[PDB]
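Analysis of the macromolecular model
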Amino acid sequence: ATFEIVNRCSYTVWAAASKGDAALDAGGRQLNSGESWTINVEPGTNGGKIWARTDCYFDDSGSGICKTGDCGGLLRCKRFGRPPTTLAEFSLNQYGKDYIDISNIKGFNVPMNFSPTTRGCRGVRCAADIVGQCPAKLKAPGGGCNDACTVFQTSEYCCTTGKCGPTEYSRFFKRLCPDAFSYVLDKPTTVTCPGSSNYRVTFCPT
């Protein structure tokens, strides 16, 4: 599958793509304002994620740090990023279908649209000013809006037992972005697409 990753933000982002124990394609790249990066994701990829990283500093070997979404200090991500990260999530060619969603379960840093570029399904978007509106206790001093599990580490926020409900904090994300997951057991907002669809992830879509 092809993913076109497009930065419409006025600021540079460092895109990242991983399935948690491996990079997808090159794993990461700088995207200046307006730039597009096309990656190839292996068919059958289960639990893939794409995100933006902000305020990164890398040396000549691709080692450094990002203020949001850092993946063990690498330009080319092999692992998932440090919250807060708005997440484009996908599992491809799962019994003949693709499954896509946006998640705020690991917080929010950059607004994003995640849409198919091929026929047969719809896209999802979380484009509200979640950082600007972020509850005081969730504001990441490094930048972005943390999820409550990251901040408070409770069974209720982290859904440790598999029995959690919505919270004041999850309802904040849900109110601003109804089409993204706000907590682990949220009513699913997953879109079913034809197997082997292609996609575009757009940062700052509005």
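In this view, residue numbering begins from 1 on each chain in the order the sequence is written and may differ from the entry, while residues that lack coordinates are not shown. As a rule here, side-chain values come from all non-hydrogen atoms in the structure, and water together with hydrogens is ignored. Residues with missing side-chain atoms are left out of burial classes, side-chain pairs and their counts.

Secondary structure elements are defined from DSSP: runs of H or I of at least 4 residues count as helices, runs of E of at least 2 residues count as strands, and each element is numbered from the N terminus. What the protein chain contains, in helices and strands, is four helices and 13 strands. For 206 residues, the compact-globule formula gives about 17 Å, and the C-alpha radius of gyration of the protein chain, at 16 Å, lands near that figure. If you line up the protein chain on its principal axes, its C-alpha atoms span 40 × 40 × 30 Å. Contact between two residues is taken to exist if any of their heavy atoms lie within 4.5 Å; hydrogens are not considered. Summarising the internal contacts of the protein chain: among those between residues at least 6 apart in sequence, 62% fall at separations of at least 24. With C-alpha atoms as the basis for the radius of gyration, the globule rule is written as 2.2 Å multiplied by the number of residues raised to the power 0.38.

The strands that make up a sheet are held in pairs by hydrogen bonds between backbone atoms, and each pair lies either parallel or antiparallel. Two strands form a pair only when DSSP identifies at least two bridges running between them. Within the open sheet, the five strands sit side by side as β4-β1-β13-β9-β10. Their pairing is mixed. Either end of the sheet is taken by a strand with one partner, and the two such strands are β4 (36-40) and β10 (124-126). Sheet twist, expressed as the mean angle between neighbouring strand axes with direction ignored, is 15 degrees. Two strands pair when backbone bridges link them, and strand β1 (residues 2-7) and strand β13 (residues 199-203) are joined in this way by five bridges, in the parallel orientation. Along β13, the bridge assignment pairs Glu-4 with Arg-200. For helices, the fitted axis covers only the stretch in contact; all axes are lines through C-alpha atoms, and the angles between them, taken along N-to-C directions, range from 0 to 180 degrees.

On to the nonpolar core, then. Membership of the largest hydrophobic core comes to 41 residues, with the highest contact counts inside it found for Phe-3, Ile-50, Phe-90, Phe-114, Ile-130 and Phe-203. With four residues, the single largest contributor to this core is helix α4 (residues 168-176). Among the nonpolar cores identified, the runner-up in size contains five residues, and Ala-16, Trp-51, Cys-71 and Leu-87 belong to it. In plain words, nonpolar cores are sets of buried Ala, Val, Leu, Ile, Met, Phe, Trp, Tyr and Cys residues tied together by side-chain atoms within 4.5 Å. Exposure is judged per residue with a 1.4 Å probe applied to protein chains only, and the accessible area is read against the type maximum: over 50% gives exposed, under 20% gives buried, and values in between give partly exposed.

Time to look at the UniProt feature "disulfide bond" in the protein chain. A sulfur-sulfur distance of 2.1 Å is found for the UniProt-listed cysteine pair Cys-56 and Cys-66, consistent with formation of the disulfide (criterion: under 2.5 Å). A residue pair is termed long-range when its members are at least 10 positions apart, and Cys-56 in strand β5 (residues 48-58) and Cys-66 in strand β6 (residues 64-68) qualify at ten residues. In plain terms, two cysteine sulfur atoms within 2.5 Å form what is called a disulfide here. UniProt positions are given in the numbering used here, feature names are shortened, and annotations may be inferred rather than shown by experiment.

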